[PDB]
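Experimental coordinates follow, after the sequence.
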Amino acid sequence: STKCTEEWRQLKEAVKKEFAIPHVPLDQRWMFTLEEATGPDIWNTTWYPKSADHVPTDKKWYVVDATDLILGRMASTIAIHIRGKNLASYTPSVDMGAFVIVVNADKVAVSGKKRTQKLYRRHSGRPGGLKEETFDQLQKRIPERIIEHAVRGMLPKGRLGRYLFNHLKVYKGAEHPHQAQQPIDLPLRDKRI
Amino acid sequence: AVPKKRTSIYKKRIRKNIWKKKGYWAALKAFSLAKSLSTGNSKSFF
Amino acid sequence: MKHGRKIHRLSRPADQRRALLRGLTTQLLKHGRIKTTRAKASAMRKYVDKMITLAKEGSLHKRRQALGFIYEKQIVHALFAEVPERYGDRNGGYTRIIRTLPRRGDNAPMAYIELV
Amino acid sequence: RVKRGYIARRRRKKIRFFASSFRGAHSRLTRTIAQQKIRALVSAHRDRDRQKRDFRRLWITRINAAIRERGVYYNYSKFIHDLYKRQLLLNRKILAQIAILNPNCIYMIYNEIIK
Amino acid sequence: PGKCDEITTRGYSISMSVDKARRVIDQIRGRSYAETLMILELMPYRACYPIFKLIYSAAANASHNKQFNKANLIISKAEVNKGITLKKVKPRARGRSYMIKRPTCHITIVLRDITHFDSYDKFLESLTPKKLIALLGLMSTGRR
Amino acid sequence: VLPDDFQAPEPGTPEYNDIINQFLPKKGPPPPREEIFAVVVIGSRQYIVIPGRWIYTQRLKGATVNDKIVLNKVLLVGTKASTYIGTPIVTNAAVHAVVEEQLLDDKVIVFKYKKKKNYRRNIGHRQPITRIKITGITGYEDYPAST
Amino acid sequence: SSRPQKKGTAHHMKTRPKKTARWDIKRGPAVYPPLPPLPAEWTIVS
RNA sequence: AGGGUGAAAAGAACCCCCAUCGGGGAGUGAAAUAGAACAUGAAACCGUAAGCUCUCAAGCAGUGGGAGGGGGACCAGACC
RNA sequence: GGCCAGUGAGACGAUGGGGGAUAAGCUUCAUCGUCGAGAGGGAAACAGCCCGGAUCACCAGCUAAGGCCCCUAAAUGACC
RNA sequence: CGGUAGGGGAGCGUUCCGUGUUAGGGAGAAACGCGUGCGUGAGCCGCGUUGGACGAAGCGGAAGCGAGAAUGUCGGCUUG
RNA sequence: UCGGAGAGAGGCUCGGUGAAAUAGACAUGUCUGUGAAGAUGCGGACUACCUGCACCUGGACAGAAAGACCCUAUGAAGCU
């Protein structure tokens, strides 16, 4: 009897439509529908987002061009959007952030003597495996690990910064393969780059 | 050699249910042998 | 490692294994159909094919090697008077390894040896 | 004059009933039921004082992220510059609540802080 | 109670361990009497045979106490519990003595016929509840 | 003792779908209160107040039950189109409210213990709170600041 | 060698945050002009 | 070291499984979930069923906030 | 004064010294601060360092020490 | 109105006793389990398709009177 | 040196029977730092899907067993 699972499933979806209510977005929105003032007191408590507030479909998309941009301040201004601290919906327990795309990772500027003296060393578990590895060696070898190492220490390294680590999309080429949500260029507030 | 502490209900129900699931795996074989033992020309089980 | 060691040793030491082979192929030639374990079944299969084809050419030397291998006296002389009349033209493959239920108390994979 | 009793089992059964959903021997085993009652109550203390502190922090960063959407360099400190100079006594960071429940009304707040 | 559907058969504290009786009793859960009849004929366990004796004396029970058939009859729960454990003070070297417990089981197997109505269509009718008590005896997803 | 039977009254299922589809959905309209909104200052803390809401607050110094009480300490009164940004208080303001029966809130078990220095204190606290229902907001028609 | 390492509470008199800028010690809190007193919190209306 | 089925053994006639032990009907009893391991039966311990949930995760296992989901509901905003 | 206890192993930090090697989180003293018996905040963590003295509640505000790129609250603030 | 060693004041609970052959109780007492209740808390009160005969409160008294520790101890049952 | 092969009893798998020392609960990583001065439990970083089986024993200051060595007791005892 396939009609048991199918037809009772569509009856459960039908009473899901009849009992439950949708969650309206926060755009040109007033305080309450007249149904909402009869419901819970969501005013005097702190606003906490529901599942229809942090959908990854309608998140923002940002594209920087990392040509002649210095690394760490770009990493901080990518971090401040990768968290969601430019949105008034910022709750630090959910994923309110925005996807970012960093093209031209091969041409990221640094200041001083970072290129020959800053080491991206790593180590496995056994002794004597500490890998000597400098900035020009990655930028010659795999450049898109540079920025990916800069912003990974900018995000809260628990279960939630690991989830918004995948929002970072760094590509070394001049062109990114994304045409997802027509990615608008990233707004900067940094006068010294 | 001597155990430092004891195990939980957690790890014990895991290990005992791996033992009994290891008992589960050796009866669909017995269902296949009991099904082939039925009516059919099989050159076994005199 | 056991690369290419094609002797089939049982759970018994060497001379006890030889006595198990000789006694169980002796009573296999006595009753014909016999209940063994499967390791004992294949271990009977090689040696009892050697004893059917040993007295296939019924000379004195084959009869004396064959009497030397088998325990009982009156079963070797009932063998070469029976194997050319029955197992001529068979040209190998004198047994059958019909398996049965495992044994109560060990779950031992238990087999059953014919003469065909 | 023997004095066998039952009061340790009601004494102990109340603490047993409070220690539900404690994941294992913290929810079944008496000699840990006690110290999970204890540590649960002091957890309620420090997380209550720091829920006052923590929601203060949350409204500070929420209205900071609301004001910084103008683009021109108007920080959260300047919103309090011209929030106490223009005499608005103590909106108590509940403008971080109507900053998302009524974003046009907080645009009226800030656009009257400018004038 | 399911309105007179199941057949509950208990068991004596038989002289074997509970855990092996629980792997052989967790095998035969949910399967009907024919499949357990052929599997417990051939299961290579010593705990198999009193379980097969209690299944056989449980479905023969279900055919003589009730009047059912041994083909439309599935094993419902088949719970095995602990029993009494004897204590055997067995001596061992350097002057020591170990408690060797002789464990016993406590088998309770419940059987389940399908005594169904098999109604024609699904469509709900919110009328005559004193017939709705009798028309619905065993279903799923009870709303209100 | 048997399977019971099929029952035979020979019923006919009414598939008219103008009675069950009337019975199962419900028509419940929310009451239109009005397009108004204020933020009152009670005790120290401020409350989002809309006309008709069972708020909880602090006052148990003295307030009789079922009393009609004006909360005139209003800032940021707001309609649907315009809000009134309160230089501290919007003048001549009146949030009409109904101070209802007084309550004690949930138990807050204040149990303090330090460490092995053997000290532990189970005390409790029932905060003397008061539930207030809101009637309507008036006296707010000065200096509009619509955008 | 003969240079003693600074251990605990000597590490705390050395490596504690000290604001050794003579400007930032002079700072008092900001002063806004005084306001008239707010009205009554509520009023009996009969 | 091991006490207490009932008020009265009224201690289960008879049928089935079956070598017993045991179990299910039936019968006695107010009670058979009071069945001879027999009076109330708690915790540790072992289980089975139902609701939600865990397989990129670092944690004295809580607590504050609470996404999503489930249950009855009547002060339907509440409770678990 | 009456009745009636504990305590009499202290620790570090500043100053004044002796023992040492003006070595020790060393040892012994004299005045003081903290811990002991003190929670909270700053000190990454961290008894004795700075602010500070916890009756309790609030999904209140202003501050001390200390901070205002991100992790983590507040200035990628201004001028030398 | 922080608090260790410690000192003082005020209370809850338990079993028995006076009132007491108390009120109440096979129309369900004690027990055991339950709470959208009340207390500063020890605890009280209320509800139970479990159980089956005792026993409150108030005003008082007396203790083999309150458990998480003693490589405690006696039974039961785990881990490996 | 410089190990190598082979035969048994174990070890590995299956079926039966079935312990023990130990054990606060364990959701039981590495480096580095801090801390009663040798941390899975605190801090920062890095690394790790869950869970078995077979071996090895570096750590859990692993198990034993109120350190035989050292000192204290206005202890005990033998001997001179």
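Right, received. Where do you want to start? Numbers count the residues shown, from 1 in each chain, chains lettered A, B, ... in the order given.

Show me which helix runs longest in chain D.
helix D:30-67 (DSSP state H).

burial of residue 7, as a residue count?
If you meant another chain, say so; for now it's chain A. Using other Cβ atoms under 10 Å in any protein chain shown, residue A:7 is surrounded by 13 other residues. Heads up, the C-betas are built off the backbone N, CA and C, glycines and all.

Not quite, go with chain C.
Around residue C:7 sit 9 other residues, with neighbours defined as other Cβ under 10 Å.

Touching, residue E:9 and residue E:77? I think so.
No: contact between residue E:9 and residue E:77 fails when scored by Cβ atoms under 8 Å: they sit 11.4 Å apart.

Tell me who's in contact with the nearest residue to residue C:27 once chain neighbours are set aside.
Taking Cβ to Cβ, 6 or more residues apart in numbering or on different chains as the measure, residue C:27 lies nearest to residue C:34, with 6.7 Å between them; neighbours along the chain are not counted. Taking Cβ atoms under 8 Å, 6 or more residues apart in numbering or on different chains, we find residue C:34 in contact with C:24, C:27-28, C:44, C:112-113.

now residue G:27
Taking Cβ under 8 Å, 6+ apart as the contact definition, residue G:27 lies against nothing.

follow-up on the earlier one: what touches both of residue E:9 and residue E:77?
Common neighbours of residue E:9 and residue E:77, using Cβ under 8 Å, 6+ apart, are E:109-110.

So for those two, which residue has more residues nearby?
Comparing residue E:9 with residue E:77 by neighbour count (other Cβ under 10 Å), the higher total belongs to residue E:9, at 19 against 14.

which residue packs closest to the more buried one, ignoring adjacent ones?
Counting by Cβ to Cβ, 6+ apart, the nearest residue to residue E:9 once its immediate chain neighbours are dropped is residue E:58, at 4.1 Å.

Give the burial count for residue D:105, as a bare number.
Neighbour number of residue D:105 under other Cβ under 10 Å is 23.

how close does it sit to residue D:73?
Applying Cβ to Cβ, to the nearest Å, the value for residue D:105 to residue D:73 is 24 Å.

go on, residue F:3?
Taking Cβ to Cβ as the measure, residue F:3 and residue D:73 are separated by 83 Å.

which of those two has more neighbours?
For residue F:3 versus residue D:73, neighbours defined as other Cβ under 10 Å are more numerous around residue F:3 (14 against 9).

Let's see the distance spanning stretch E:91-106 from one end to the other.
When the termini of stretch E:91-106 are compared using Cα to Cα, to the nearest Å, they are 29 Å apart.

Next, see if that stretch gets close to RNA strand H.
Yes: figure legend: stretch E:91-106 in contact with RNA strand H (Cβ under 7 Å from any atom of the strand); contacting residues residue E:104.

what does that stretch contact?
Residues external to stretch E:91-106 that are found in contact with it (Cβ under 8 Å, 6+ apart): E:10-11, E:13-18, E:21, E:80-90.

With stretch F:83-93 instead?
Under the contact criterion Cβ under 8 Å, 6+ apart, stretch F:83-93 has outside partners D:86-89, D:102, D:105, D:108-109, D:112, F:37-38, F:72-78, F:137, F:139-140, F:142-146, G:35, G:38-39.

And for stretch D:104-114?
Taking Cβ under 8 Å, 6+ apart as the criterion, the residues outside stretch D:104-114 that touch it are A:30, D:66-67, D:70, D:79, D:82-83, D:86, D:95, D:98-99, F:76, F:78, F:82-83, F:85, F:145-147.

Show me which positions of that stretch end up buried.
Across stretch D:104-114, burial judged by 16 or more other Cβ atoms under 10 Å in any protein chain shown covers D:104-110, D:112-113.

What segments of chain A are strands?
Counting by DSSP state E, chain A has these strands, from start to end: A:61-65, A:99-103, A:168-170, A:184-185.

Pick the most buried one from those strands.
Stretch with highest mean neighbour count among the strands of chain A: strand A:99-103 (a mean of 22; mean count of other Cβ atoms under 10 Å in any protein chain shown).

quick one: strands adjacent to that one?
Here strand A:99-103 is paired, per DSSP bridges, with strand A:61-65 (parallel), strand A:168-170 (parallel).

Report the contact partners of residue F:66.
For residue F:66, the contact set (Cβ under 8 Å, 6+ apart) comprises F:98-101.

ok, 10 Å please
Taking Cβ atoms under 10 Å, 6 or more residues apart in numbering or on different chains, we find residue F:66 in contact with F:98-101, F:133.
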